[PDB]
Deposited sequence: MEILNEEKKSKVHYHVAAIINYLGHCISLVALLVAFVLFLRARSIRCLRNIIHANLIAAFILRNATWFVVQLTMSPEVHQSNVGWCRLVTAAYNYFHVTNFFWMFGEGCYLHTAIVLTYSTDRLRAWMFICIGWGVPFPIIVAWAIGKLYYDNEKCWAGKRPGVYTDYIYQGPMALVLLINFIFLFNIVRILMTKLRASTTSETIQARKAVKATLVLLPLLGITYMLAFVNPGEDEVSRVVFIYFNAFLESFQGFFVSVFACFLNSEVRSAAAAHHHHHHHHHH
C-alpha cells in the first residue's frame, strides 16, 4: 500500500545513486588513462619521481578497472553461489585497494627522504613496497577466508568477524606513519629549510599544499563509511548521494593531484 509507494521511492533514488557511481567511474578511468599516457611520453619518465607517479596512476587504473567486474559480482544469484572466479575477483579488488595505500605511503617515503638526503636502481625498493608487500597480506587474508569465512564471495559483512583486519590493519598503519612524515616535513620546512631555494625544496612546498587539499577530500569518504545515518528520509538521501559522488570521482581527484606535481 503506502508502504509499497515508499519502497518504490527508495528504489528510484538508489538507481540514481547507481547512475552517479557509474558515470563518475567512467570519467575517473578515462582521466587516469590520459594522465598515464602523458607521463609515459615524457623523457622525464626516467626521473625516479615520475617512476613513482606512473606506478601510482597505474595502481588506480587497475582498481577502477576491476570495479566494473565487481559490479557484475553483486548479482544476488552470483553473490550466494560463491564461484571460484567470484572470490578471485574479490581478492583482486582488495589487492589493488591495498596497493593504493602503499603507493600513497611510497610517495611520502620519497618526499621525506628527498628533503633530507642529497634513479633506475633506487626505484626497486618503492616497487617492492607498492606491489610486493601487499601480495603476502592478501594471501594471508585469503587463507583466513578459506579456513574460517568461505561465504558471500568473500564480500560478506558479518559481525564479530576479524578476518578483514588482516589487510585493513596494515592500511591504517601506513597512514599513521604518513602522518608522522607530514609533521616532520612541515617541522623541517618551517625551521631549517625556511629560506632554501634548492629545487627539491620548492617542489616539497608544492606537495604539502596539495596534500593538505587532497587529504580532506579523500579522507571524508572513509569516515562516512562508519556513519550509519538512519532511516530518516531527508538525511538518508543526502547521505547516499554525497558518498556516491565522493567515491566515484576519487580517481579524477588523484589524476589532477598527479599532473599538478609534474610541474
{"query": "Parts of the chain sequence, as deposited, that carry no C-alpha coordinates in this structure", "finding": "119 to 121, 267 to 284"}
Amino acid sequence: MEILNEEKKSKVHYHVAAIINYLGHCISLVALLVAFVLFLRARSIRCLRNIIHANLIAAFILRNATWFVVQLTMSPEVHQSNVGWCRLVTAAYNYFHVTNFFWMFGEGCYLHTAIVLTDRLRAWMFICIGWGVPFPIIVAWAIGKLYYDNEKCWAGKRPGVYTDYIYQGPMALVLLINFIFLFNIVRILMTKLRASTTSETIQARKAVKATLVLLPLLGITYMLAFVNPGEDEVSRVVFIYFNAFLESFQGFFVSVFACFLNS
From here on, numbers count along this sequence of modelled residues.
query	finding
Residue range whose averaged C-alpha B-factor is higher in the record, 56 to 64 or 34 to 42	34 to 42
Greater mean Cα temperature factor according to the PDB record, 251 to 259 or 12 to 20	12 to 20
Criterion, highest CA B-factor; candidates, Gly108, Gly156, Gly169, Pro134	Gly156
Residue selected from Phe179, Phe101, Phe96, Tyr148 by maximal Cα B factor	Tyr148
Among modelled residues of the same chain, the CA temperature factor third for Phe183	middle
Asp119 by Cα B-factor - lowest, middle or highest third of the modelled chain	lowest
Assigned third (lowest, middle, highest) for the C-alpha B factor of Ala204	highest
Among modelled residues of the same chain, the CA temperature factor third for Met125	lowest
Chain third (lowest, middle, highest) by recorded CA B-factor, residue given as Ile138	lowest
